[PDB]
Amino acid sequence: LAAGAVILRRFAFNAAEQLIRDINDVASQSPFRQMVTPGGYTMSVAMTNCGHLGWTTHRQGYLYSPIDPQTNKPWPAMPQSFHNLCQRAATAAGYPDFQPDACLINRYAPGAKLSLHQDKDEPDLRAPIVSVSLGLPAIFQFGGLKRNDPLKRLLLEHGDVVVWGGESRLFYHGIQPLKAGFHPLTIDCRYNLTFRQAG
């Protein structure tokens, strides 16, 4: 059970093929790279962005930047398929006003994980985050306000869209090591799109 979170399973099933074609298109301008945390450690999850702003690691910490620090060019524009799905998802969740300007694209190879963290780099915490899962299934784990808070698990499969609004927006969360397997559309990985209001 989650407060403020609206889970729309298999919502992105029909849009899925075009989203993957558009992830590949975004990836040809801003390649997938495994970002280095401020402490000097490379993340197992490969990331890239699209939209006006993009989430990235820096020496001083985490920030949103209109420039890709690797290519030194701006991030690719948010694809229309991305805009359309997020809009329909947010409207179905009770957020018709949500206008994202950043989309963090995560690629999970077999065994890739994402340790517990909070999404607190956005200016307005009242605004939700629309998450779209594609490819192989992954176990999403969420806690509470603190670190040693009781963890709950959720499987996020292909096409699943979760809108993290209300209280769930500030919860500690992460992804457990991706189980090896096969998916017809992504072959051996999982993709996750997190639409954010970063400006």
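For every residue, the number given is its place in the sequence shown, counted from 1. Only the largest set of C-alpha atoms that superpose within 1.5 Å between the two forms is called the rigid core.
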| query | finding |
| --- | --- |
| Farther-lying stretch by C-alpha RMS in 4 other deposited structures of this protein (rigid core fit) among 139-147, 65-73 | 139-147 |
| Which of 30-38 and 54-62 lies farther from this form in 4 other deposited structures of this protein, as RMS of C-alpha positions after a rigid core fit | 54-62 |
| Of 1-9 and 190-198, the one with larger mean CA B-factor | 1-9 |
| Between the two ranges 114-122 and 101-109, the one averaging a larger CA B factor in the entry | 114-122 |
| Candidate residues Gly159, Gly51, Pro69, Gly61, the one whose C-alpha B factor the record puts highest | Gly61 |
| Out of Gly135, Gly174, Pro31, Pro150, residue topping the C-alpha B-factor column of the entry | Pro150 |
| Chain third (lowest, middle, highest) by recorded CA B-factor, residue given as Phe82 | middle |
| CA B-factor ranking of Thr56, expressed as a third of its chain | middle |
| Third of the chain, ranked by Cα B-factor, where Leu170 sits | highest |
| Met43 by Cα B-factor - lowest, middle or highest third of the modelled chain | lowest |
